[PDB]
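What follows is one chain in structure tokens, specifically the form deposited in one PDB entry.
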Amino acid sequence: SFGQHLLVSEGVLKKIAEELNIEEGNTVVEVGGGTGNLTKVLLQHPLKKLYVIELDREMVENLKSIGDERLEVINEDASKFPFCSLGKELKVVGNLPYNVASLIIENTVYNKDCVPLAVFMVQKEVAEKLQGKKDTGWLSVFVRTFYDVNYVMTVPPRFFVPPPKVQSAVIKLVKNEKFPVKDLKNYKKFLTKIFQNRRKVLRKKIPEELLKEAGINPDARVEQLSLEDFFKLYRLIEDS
């Protein structure tokens, strides 16, 4: 049966499902780990359809054993899958393994046109970066350009077996597109680049002329920039 590799406290799974605000007619897309037990919790809610995207073929077999007519299992990679091939309005949820969390979140953003809401459990550090208050990163800016990031709760290691070495957190992404970025791949190129060598003053990474035009101190560093700064820089560099 389930819980073969990971056990998560049921209270935590229930809170995660509650954050999704599942209502009649909703389509939910579940990604990440411990899908057996999370799936059972999600199916207690009035969703219309639940897709589970899972690479583990033994787990696929076990999930398929669940009778519910609303459940459909897709044996593909959630860090690469085009979510918008599943439907026009999807709520995405998952406990994300450390080594694919950032990819899955990035992929969710590429699919933002059909993802109004996502709830993820990730390492506390990843969550704090995404929130953008205590820390930041290229993915944080990429995400927050298109979503509001809500830090829901901290999850100490004890709520997992085996426990992780660091605390986890639940975050909620709510679609909110703040800037009209058309080419997401190109925007990512810009953000990844400007975040390389995070300690380097910006004048070593962006021509001073453009920094002054954007009203940015040439001796500022990338982690002190606002979203508005990133967009205006992006536009200045694209128009050059």
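The term rigid core refers to the most C-alpha atoms you can superpose between the two forms while keeping them within 1.5 Å. Only residues modelled in both forms are compared. For every residue, the number given is its place in the sequence shown, counted from 1.
- Stretches 81 to 89 and 110 to 118 differ in mean C-alpha B factor, with the higher average recorded for 81 to 89.
- Stretches 38 to 46 and 211 to 219 differ in mean C-alpha B factor, with the higher average recorded for 211 to 219.
- Residues shown: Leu130, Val166, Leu96, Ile74. Highest C-alpha temperature factor in the entry: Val166.
- Each of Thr154, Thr136, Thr145, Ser102 has a CA temperature factor in the record; the biggest one is found at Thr154.
- The deposited CA B-factor of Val12 belongs to the highest third of values across its chain.
- Annotation for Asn176: C-alpha temperature factor in the lowest third relative to the rest of the modelled chain, per the entry.
- The PDB entry assigns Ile206 a C-alpha temperature factor belonging to the middle third of its chain's modelled residues.
- In this PDB entry, the Cα temperature factor of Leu63 sits in the top third of its chain's modelled residues, the highest group.
- In the deposited entry, the Cα temperature factor of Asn197 sits in the top third of values across the chain's modelled residues.
Just so it is clear, the following notes concern the form solved in complex with a small molecule, a form of the same protein that is not shown.
- Comparing 111 to 119, 124 to 132, 164 to 172, 70 to 78 against the small molecule in the entry with it bound, the single stretch with non-hydrogen atoms within 4.5 angstroms of it is 70 to 78.
- Within 4.5 Å of the small molecule in the entry with it bound, a heavy atom is found for not a single one of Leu43, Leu47 and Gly87.
- Although the partner is absent here, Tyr234 is not a contact residue: none of its heavy atoms lies within 4.5 angstroms of the small molecule in the entry with it bound.
- Looking at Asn37, you'd find a heavy atom of it within 4.5 angstroms of the small molecule in the entry with it bound.
- A residue is said to contact a partner when one of its heavy atoms sits within 4.5 Å of a partner heavy atom; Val29 fails this definition for the small molecule in the entry with it bound, lying far away.
- In the entry with it bound, the small molecule stays beyond 4.5 Å of every heavy atom belonging to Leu139.
- Note: rigid core superposed between this form and the one not shown; among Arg70, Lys178, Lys189, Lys64, the CA shift is 2 Å or more only at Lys64.
- With the core held fixed, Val8 shows a CA shift of 2 Å or greater between this form and the one not shown.
- In the entry with it bound, the CA atoms of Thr35 and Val115 move farther apart by at least 3 angstroms compared with the shown structure.
- Note: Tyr151-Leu7 Cα separation is 3 Å or more shorter in the entry with it bound than here.
- After superposition on the rigid core, the segments of 3 or more consecutive residues displaced by 2 Å or more at every C-alpha between this form and the one not shown are found at 1 to 8, 32 to 35, 63 to 66, 238 to 240.
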